2 protein chains.
Amino acid sequence: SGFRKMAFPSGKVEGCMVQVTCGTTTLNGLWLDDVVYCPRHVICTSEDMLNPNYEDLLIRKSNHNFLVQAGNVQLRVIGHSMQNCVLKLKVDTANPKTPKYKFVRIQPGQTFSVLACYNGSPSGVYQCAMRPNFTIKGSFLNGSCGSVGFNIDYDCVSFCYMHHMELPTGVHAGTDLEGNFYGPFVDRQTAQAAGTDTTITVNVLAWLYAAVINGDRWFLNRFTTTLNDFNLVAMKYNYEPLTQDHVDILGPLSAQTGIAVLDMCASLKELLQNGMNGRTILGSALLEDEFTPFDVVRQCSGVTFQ
Amino acid sequence: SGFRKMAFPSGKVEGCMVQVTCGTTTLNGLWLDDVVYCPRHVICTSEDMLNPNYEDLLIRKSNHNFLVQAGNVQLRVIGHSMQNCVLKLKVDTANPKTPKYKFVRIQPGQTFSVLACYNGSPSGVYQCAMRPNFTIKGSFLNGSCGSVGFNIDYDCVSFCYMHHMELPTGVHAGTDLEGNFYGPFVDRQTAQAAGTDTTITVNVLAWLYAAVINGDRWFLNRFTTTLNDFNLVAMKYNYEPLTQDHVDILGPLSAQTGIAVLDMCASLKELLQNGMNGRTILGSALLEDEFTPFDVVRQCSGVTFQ
Ligand SMILES: O=C(Cc1cccc(Cl)c1)Nc1cncc2ccccc12
Ligand SMILES: O=C(Cc1cccc(Cl)c1)Nc1cncc2ccccc12
């Protein structure tokens with residue numbers, strides 16, 4: 001029993017991290033096969049970041065301007081191109097530790113593990129969720145740019161996030177591995193606004209099911225509710241509206257606990273209106289939305305990977 | 001900026017996990033050099049666990065009774081011995097992926113990463129703390145026995161914990177890598193009581209310093225206090241007493257924030273007496289004690305490892 005914010009094992013990703021240097025700037029890159037992926041603003045100086053013309057800047061760079069180190073093994077850049085907001089440095093040596101991998105663009109509310117890196121070397125691993133406003137609430141210092149987010153599906157590493165910037169508000173923004181930002185952000189040092197952040201309701205419900213699995217049942221209500229009446233309460237409290245697809249996803253958790261999804265929603269409705277009154281659920285005094293229904297099934301059933 | 005419950009990268013440990021089978025029982029083992037370490041109750045059946053005589057049980061087992069698999073590579077057991085509560089299975093093949101490692105016995109209040117495993121295969125990684133009553137509040141299912149806790153000190157993996165059992169109360173107990181239990185527990189299926197659990201005060205203070213580093217300063221008091229007057233308040237609320245060694249450890253955090261340790265204690269005193277009044281600190285509505293002063297310095301300065 002028990003429940004923890006659990007990350008994926010990072011071994012397969014550690015052997016793909018390299019440091020990329022272009023002039024004075026050094027950040028992390030992802031070395032898969034004979035291509036190194038990294039944020040394109042590595043070609044910028046501190047002055048260029050206020051209003052960078054990436055095409056013009058990249059023209060003044062040639063293959064020998066980029067320095068890729070994989071520990072004490074230096075790679076030679078043989079070609080370079082710009083795909084959206086990432087640079088693709090084609091190198092001579094293919095990574096011998098390349099795992100079976102895939103590039104994926106996740107949807108808001110999904111979770112993934114982050115391997116925070118500095119100078120190409122891993123520092124730590126943690127789990128987080130893509131917020132509905134396409135930011136993440138991470139833990140990043142200067143030089144962490146190019147650190148990647150990922151999931152593991154059996155033997156396959158699914159890369160879904162590359163870190164690019166910290167907003168003036170202290171939250172974090174990045175791209176998929178094809179260089180398309182999550183959200184409306186641009187890789188430029190200017191004031192940028194993230195939308196209103198909401199709570200991922202389907203995740204909160206999954207977490208309440210995890211609490212029931214672990215013996216925390218005090219919030220279980222003697223009432224029920226309707227999908228429309230719940231959504232009317234949820235939207236007052238800045239919660240994501242619940243759809244039928246969400247009910248379908250929670251089905252397995254309903255069957256294991258014998259508690260119908262709508263009855264769980266009624267318990268959530270009371271928690272929203274009356275608070276938690278100094279009590280706790282699974283050790284927390286707040287409603288938690290960083291666990292997807294699949295995360296809960298994974299942890300409470302013991303799924304492993306290669 | 002930002003702050004997350006961050007685990008160590010697990011790659012060095014993943015290549016050491018193997019599955020150990022003795023008769024019907026299968027659990028995880030740790031393969032370092034030509035020795036496999038695992039909980040000794042792998043030699044028990046479900047009936048033996050109520051009152052096991054481990055010496056008599058081990059006598060009825062020979063080297064060929066143990067089946068060690070490292071993926072699809074079967075190891076041959078050439079010798080076996082019992083060191084306290086762990087079994088040491090000497091095998092023919094030395095682990096080629098053996099990292100520079102060390103066996104350490106941590107003290108209560110220290111933190112470490114857990115690589116939860118099933119059938120010798122990693123499932124996930126999370127960070128936790130050794131409680132003052134020598135339990136851990138983990139996330140473990142049946143068959144996770146033999147999963148290890150560890151820290152990384154540059155290139156050296158420091159193994160400090162091997163998981164053995166879940167108590168009837170739902171918390172977890174285990175040994176160091178020499179087989180000595182943390183706490184007063186025995187590897188037997190009987191009702192066992194853990195002591196009163198207290199809060200690790202030096203950790204709570206480190207976390208408040210992390211909050212100040214990250215812009216959360218509302219709890220900062222216009223008062224001060226004495227070490228004795230604080231300890232008198234802390235012991236009422238089941239907090240560990242603060243000593244001068246704790247003040248010395250927090251010194252670097254004091255210098256970076258310009259807030260003296262005793263002034264921070266005064267802020268903590270008010271939080272204990274008046275609660276948090278629906279507010280939050282670093283995203284939490286409770287005082288957090290699973291971050292050591294070194295954890296905070298590591299995360300807020302960006303320490304990396306090989
Ligand atoms: O924000 C940047 C650089 C940048 C600036 C503007 C635009 C773009 Cl694209 C990138 N780096 C950082 C990323 N994470 C965390 C950081 C913490 C402290 C300082 C910088 C941090
Ligand atoms: O508790 C045991 C076996 C055991 C029993 C008595 C004494 C000893 Cl030494 C070991 N296994 C488990 C360890 N962690 C988590 C578990 C979750 C569910 C079931 C068993 C779990």
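As the structure lists them, so they are numbered: ligands from 1, and atoms in each ligand from 1. The chains referred to below are lettered A, B, ... by the order of the sequence lines, with proteins before strands, and numbering in each begins at 1.
- Counting only N and O atoms by type, the side chains of B/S284 and B/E288 include no donor and acceptor under 3.5 Å apart.
- For atom 12 (C) of ligand 1, the choice among A/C145, A/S139, A/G170, B/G302 with the nearest heavy atom turns out to be A/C145.
- B/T111 and B/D295 share a side-chain donor-acceptor pair at under 3.5 Å.
- A cation-pi arrangement is present between B/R105 and B/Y182 under the rule of less than 6.0 angstrom and at most 45 degrees off the ring axis.
- With atom 5 (C) of ligand 2 as the reference point, the heavy atom nearest to it among B/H172, B/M49, B/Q192, B/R40 is part of B/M49.
- Distance check, rounded to the nearest 0.5 Å: CG of B/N151 to CZ of B/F159 gives 11.0 Å.
- Every atom of ligand 1 with a heavy atom of A/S144 under 4.0 Å away is listed here by number and element: 14 (N).
- Neither the backbone nor the side chain of A/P39 comes within contact range of ligand 1; no heavy atom lies under 4.0 Å.
- Against a heavy-atom cut-off of under 4.0 Å, B/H164 is close to the following atoms of ligand 2: 10 (C).
- Applying the 4.0 Å criterion to heavy atoms of B/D187 picks out, from ligand 2, the atoms 9 (Cl).
- Geometrically, A/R4 does not engage B/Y126 in a cation-pi contact defined by less than 6.0 Å to the ring centre and at most 45° from the axis.
- Counting protein heavy atoms only, atom 1 (O) of ligand 2 is closest to B/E166 N, 3.1 Å.
- Between B/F140 and B/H172, the ring-plane angle classifies as perpendicular under the 30° and 60° cut-offs.
- Using a cutoff of 4.0 Å between basic side-chain nitrogens and carboxylate oxygens, B/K137 and B/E166 are not scored as salt-bridged.
- In this structure, atom 19 (C) of ligand 2 lies nearest to the protein heavy atom B/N142 CB, 3.8 Å.
- The N/O atoms of B/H163, backbone and side chain alike, include one that comes under 3.5 Å of an N/O atom in ligand 2.
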